[PDB]
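Participant: Take a look at this one; I'll ask things after.
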Amino acid sequence: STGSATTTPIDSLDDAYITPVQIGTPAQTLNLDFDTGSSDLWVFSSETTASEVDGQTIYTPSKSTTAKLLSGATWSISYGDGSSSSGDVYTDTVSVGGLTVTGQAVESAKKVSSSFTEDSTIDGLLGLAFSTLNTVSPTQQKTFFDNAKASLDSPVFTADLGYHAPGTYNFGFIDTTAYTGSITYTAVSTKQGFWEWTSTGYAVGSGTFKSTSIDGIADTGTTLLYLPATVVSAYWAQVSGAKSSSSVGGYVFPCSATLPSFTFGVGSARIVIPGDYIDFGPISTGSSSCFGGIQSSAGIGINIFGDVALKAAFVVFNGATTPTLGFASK
């Protein structure tokens, strides 16, 4: 089998992407944030504290003839941005782009943190990291991809995120018309539960490529590109007037600037992030100070190849017995 679904930016900055997901019988369609940095499929629901729902579409398991409470199971998650959610668990039928999994764990939120409530466009998350990170207790549950992968034509999914435009998540096949050149594959460590790999270096604008190993994760659920302080300083030094602002929380730059590209290495291959992809707009409405899309990871503990990086590529998440990642230009 295969599946193919369009993913759409939630706003004019590409802050996140939503993909429609069918849950239950009859189908309840929710727009979920596909997140290769986490491993829970959780949704706003009829059980979510009413004051914490503000415009989201909810899953109502009592209206699904295939929903079954997973007795005794609870979940609770906290993300790298400080947000969190928790609740109980149902199993139900879940379909993405024509690919159906029966008995998928659907984690129903009883509580969500304010940042989720305040984002009416995201009805939940669909985790695509390794199932070892799934938070369901006392019996850890499998991701949608883990449940589907034996049935797929090939045990892979691909992320093709758009810049200011829709893109595509495919399951089970590699669309050879969706990229240019070849796909360069690179080793993955699953020791932390992430799609963790090592970039071979970087360049700023038309500058020379610096060969240096940068370990990080491919994370569709993170907006920005978080890299070591040395790398980030070298980038913003090429933007007149850019500075790190402790009060704002990262590098800012004059909105009148033209940003240079940023290149990252994948083996001997190179992925070029155009400068425009690094502009996240005014820090507050009407400001002429703009927020940068490349930020230091120094306070995170891990480097993160978020959407800023991934949307410059066609990305293959190869879930073979030994997983690998593939990147192509597009």
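Naming works like this for the structure tokens: A, B, ... for the chains as they're shown, residue 1 at the start of each chain, ligands 1 onward in shown order.
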Taking only residues of region 92-193 of chain A that have an atom at most 9 Å from an atom of region 217-222 of chain A, what is each one's shortest atom pair and its distance in Å to one decimal, using only C-alpha atoms, in chain and number order, as JSON lines?

Facilitator:
{"residue": "A:125", "atom": "CA", "partner": "A:221", "partner_atom": "CA", "distance": 8.7}
{"residue": "A:127", "atom": "CA", "partner": "A:221", "partner_atom": "CA", "distance": 8.8}
{"residue": "A:129", "atom": "CA", "partner": "A:219", "partner_atom": "CA", "distance": 8.6}
{"residue": "A:159", "atom": "CA", "partner": "A:220", "partner_atom": "CA", "distance": 8.2}
{"residue": "A:161", "atom": "CA", "partner": "A:220", "partner_atom": "CA", "distance": 8.7}

Participant: For region 139-198 of chain A against region 290-314 of chain A, with a cut-off of 12 Å and counting only C-alpha atoms, what is the closest atom pair and its distance in Å to one decimal for every residue that makes the cut, ordered by chain and number, as JSON lines?

Facilitator:
{"residue": "A:157", "atom": "CA", "partner": "A:314", "partner_atom": "CA", "distance": 10.8}
{"residue": "A:158", "atom": "CA", "partner": "A:314", "partner_atom": "CA", "distance": 7.2}
{"residue": "A:159", "atom": "CA", "partner": "A:314", "partner_atom": "CA", "distance": 6.2}
{"residue": "A:160", "atom": "CA", "partner": "A:314", "partner_atom": "CA", "distance": 5.0}
{"residue": "A:161", "atom": "CA", "partner": "A:311", "partner_atom": "CA", "distance": 4.6}
{"residue": "A:162", "atom": "CA", "partner": "A:311", "partner_atom": "CA", "distance": 5.7}
{"residue": "A:163", "atom": "CA", "partner": "A:311", "partner_atom": "CA", "distance": 6.4}
{"residue": "A:164", "atom": "CA", "partner": "A:311", "partner_atom": "CA", "distance": 9.9}
{"residue": "A:165", "atom": "CA", "partner": "A:311", "partner_atom": "CA", "distance": 10.3}
{"residue": "A:166", "atom": "CA", "partner": "A:311", "partner_atom": "CA", "distance": 10.6}
{"residue": "A:167", "atom": "CA", "partner": "A:311", "partner_atom": "CA", "distance": 8.9}
{"residue": "A:168", "atom": "CA", "partner": "A:314", "partner_atom": "CA", "distance": 9.7}
{"residue": "A:169", "atom": "CA", "partner": "A:314", "partner_atom": "CA", "distance": 10.1}
{"residue": "A:170", "atom": "CA", "partner": "A:314", "partner_atom": "CA", "distance": 10.9}
{"residue": "A:174", "atom": "CA", "partner": "A:314", "partner_atom": "CA", "distance": 9.7}
{"residue": "A:175", "atom": "CA", "partner": "A:314", "partner_atom": "CA", "distance": 9.7}
{"residue": "A:176", "atom": "CA", "partner": "A:314", "partner_atom": "CA", "distance": 10.1}
{"residue": "A:177", "atom": "CA", "partner": "A:314", "partner_atom": "CA", "distance": 10.6}
{"residue": "A:178", "atom": "CA", "partner": "A:314", "partner_atom": "CA", "distance": 7.3}
{"residue": "A:179", "atom": "CA", "partner": "A:314", "partner_atom": "CA", "distance": 6.1}
{"residue": "A:180", "atom": "CA", "partner": "A:314", "partner_atom": "CA", "distance": 8.9}
{"residue": "A:181", "atom": "CA", "partner": "A:314", "partner_atom": "CA", "distance": 10.7}
{"residue": "A:182", "atom": "CA", "partner": "A:314", "partner_atom": "CA", "distance": 10.2}
{"residue": "A:183", "atom": "CA", "partner": "A:314", "partner_atom": "CA", "distance": 8.2}
{"residue": "A:184", "atom": "CA", "partner": "A:314", "partner_atom": "CA", "distance": 10.3}
{"residue": "A:185", "atom": "CA", "partner": "A:314", "partner_atom": "CA", "distance": 11.6}
{"residue": "A:192", "atom": "CA", "partner": "A:302", "partner_atom": "CA", "distance": 10.6}
{"residue": "A:194", "atom": "CA", "partner": "A:304", "partner_atom": "CA", "distance": 10.5}
{"residue": "A:195", "atom": "CA", "partner": "A:305", "partner_atom": "CA", "distance": 10.1}
{"residue": "A:196", "atom": "CA", "partner": "A:304", "partner_atom": "CA", "distance": 9.1}
{"residue": "A:197", "atom": "CA", "partner": "A:305", "partner_atom": "CA", "distance": 9.8}
{"residue": "A:198", "atom": "CA", "partner": "A:303", "partner_atom": "CA", "distance": 9.9}

Participant: Per DSSP on the backbone, filter region 92-290 of chain A down to the residues in alpha helix (DSSP H) and report them as a count of residues only.

Facilitator: 17

Participant: So, with only C-alpha atoms as the atoms that count, which of A:316, A:214, A:89, A:269 lies closest to residue 41 (chain A)?

Facilitator: A:89

Participant: Write out as a list in words each polymer residue whose atoms come within 8 Å of residue 3 (chain A), counting only C-alpha atoms; drop sequence neighbours fewer than 3 positions from it.

Facilitator: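 Using only C-alpha atoms, the neighbours found are residues 96, 97, 98, 99, 170, 171 and 172 of chain A.
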
Participant: Enumerate the residues of region 118-171 of chain A with a DSSP assignment of strand (DSSP E), computed from the backbone, and present them as a list in words.

Facilitator: residues 124, 125, 126, 127, 156, 157, 158, 159, 160, 167, 168, 169, 170 and 171 of chain A

Participant: Using N, CA, C and O atoms, can you export the residues from the last selection as a short mmCIF file (atom, residue, chain, number, x, y, z; two decimals), in the first residue's frame?

Facilitator:
data_model
loop_
_atom_site.label_atom_id
_atom_site.label_comp_id
_atom_site.auth_asym_id
_atom_site.auth_seq_id
_atom_site.Cartn_x
_atom_site.Cartn_y
_atom_site.Cartn_z
N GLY A 124 -3.97 18.73 16.52
CA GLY A 124 -3.20 17.71 17.20
C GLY A 124 -1.92 17.46 16.43
O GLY A 124 -1.60 18.16 15.47
N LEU A 125 -1.18 16.46 16.89
CA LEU A 125 0.10 16.07 16.32
C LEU A 125 0.05 14.61 15.88
O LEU A 125 -0.65 13.80 16.49
N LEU A 126 0.80 14.30 14.84
CA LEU A 126 1.02 12.92 14.41
C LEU A 126 2.54 12.70 14.42
O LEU A 126 3.26 13.19 13.55
N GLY A 127 3.02 11.97 15.43
CA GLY A 127 4.44 11.76 15.59
C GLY A 127 4.98 10.73 14.62
O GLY A 127 4.38 9.69 14.37
N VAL A 156 9.11 3.38 3.96
CA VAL A 156 9.62 4.73 3.89
C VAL A 156 8.46 5.72 3.94
O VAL A 156 7.33 5.40 3.58
N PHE A 157 8.77 6.94 4.37
CA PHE A 157 7.90 8.08 4.11
C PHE A 157 8.79 9.23 3.68
O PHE A 157 9.99 9.24 3.95
N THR A 158 8.19 10.19 2.97
CA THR A 158 8.94 11.34 2.49
C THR A 158 8.23 12.63 2.87
O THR A 158 7.00 12.70 2.91
N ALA A 159 9.04 13.65 3.16
CA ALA A 159 8.57 14.99 3.47
C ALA A 159 9.02 15.93 2.38
O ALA A 159 10.22 16.05 2.11
N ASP A 160 8.07 16.62 1.77
CA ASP A 160 8.35 17.59 0.71
C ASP A 160 7.59 18.85 1.11
O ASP A 160 6.48 19.11 0.63
N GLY A 167 2.80 21.37 0.25
CA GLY A 167 3.74 20.32 -0.07
C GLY A 167 3.08 18.97 0.14
O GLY A 167 1.85 18.88 0.16
N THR A 168 3.88 17.93 0.33
CA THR A 168 3.36 16.57 0.32
C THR A 168 4.10 15.70 1.31
O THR A 168 5.33 15.74 1.39
N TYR A 169 3.33 14.87 2.04
CA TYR A 169 3.86 13.70 2.73
C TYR A 169 3.40 12.46 1.97
O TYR A 169 2.20 12.24 1.79
N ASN A 170 4.36 11.62 1.58
CA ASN A 170 4.07 10.34 0.95
C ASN A 170 4.51 9.20 1.86
O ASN A 170 5.53 9.30 2.56
N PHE A 171 3.74 8.12 1.84
CA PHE A 171 4.05 6.91 2.59
C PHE A 171 4.15 5.73 1.64
O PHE A 171 3.24 5.49 0.85
#

Participant: Give me the residues near residue 103 (chain A) as a PyMOL selection string, where near means some atom within 9 Å (using only C-alpha atoms) and where sequence neighbours in that chain fewer than 6 positions away do not count.

Facilitator: chain A and resi 66-68+90-94+147

Participant: Save the residues we just selected, N, CA and C atoms, as a short mmCIF file (atom, residue, chain, number, x, y, z; two decimals), in the first residue's frame?

Facilitator:
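Saved the output as part-v2.cif:
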data_model
loop_
_atom_site.label_atom_id
_atom_site.label_comp_id
_atom_site.auth_asym_id
_atom_site.auth_seq_id
_atom_site.Cartn_x
_atom_site.Cartn_y
_atom_site.Cartn_z
N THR A 66 -15.72 2.43 15.58
CA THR A 66 -14.51 1.63 15.66
C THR A 66 -13.60 2.06 16.81
N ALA A 67 -13.96 3.10 17.56
CA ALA A 67 -13.15 3.52 18.69
C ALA A 67 -13.31 2.57 19.86
N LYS A 68 -12.21 2.30 20.55
CA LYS A 68 -12.20 1.48 21.75
C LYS A 68 -11.26 2.12 22.76
N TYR A 90 -7.47 5.99 23.03
CA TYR A 90 -8.36 5.11 22.31
C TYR A 90 -7.56 4.42 21.22
N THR A 91 -8.02 3.27 20.78
CA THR A 91 -7.59 2.78 19.48
C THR A 91 -8.71 3.01 18.48
N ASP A 92 -8.32 3.31 17.24
CA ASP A 92 -9.31 3.57 16.21
C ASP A 92 -8.62 3.44 14.86
N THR A 93 -9.43 3.50 13.80
CA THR A 93 -8.91 3.50 12.44
C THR A 93 -8.45 4.89 12.05
N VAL A 94 -7.25 4.98 11.50
CA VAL A 94 -6.65 6.25 11.11
C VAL A 94 -6.16 6.11 9.67
N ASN A 147 3.06 1.24 12.62
CA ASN A 147 1.94 0.34 12.38
C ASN A 147 1.74 0.07 10.90
#
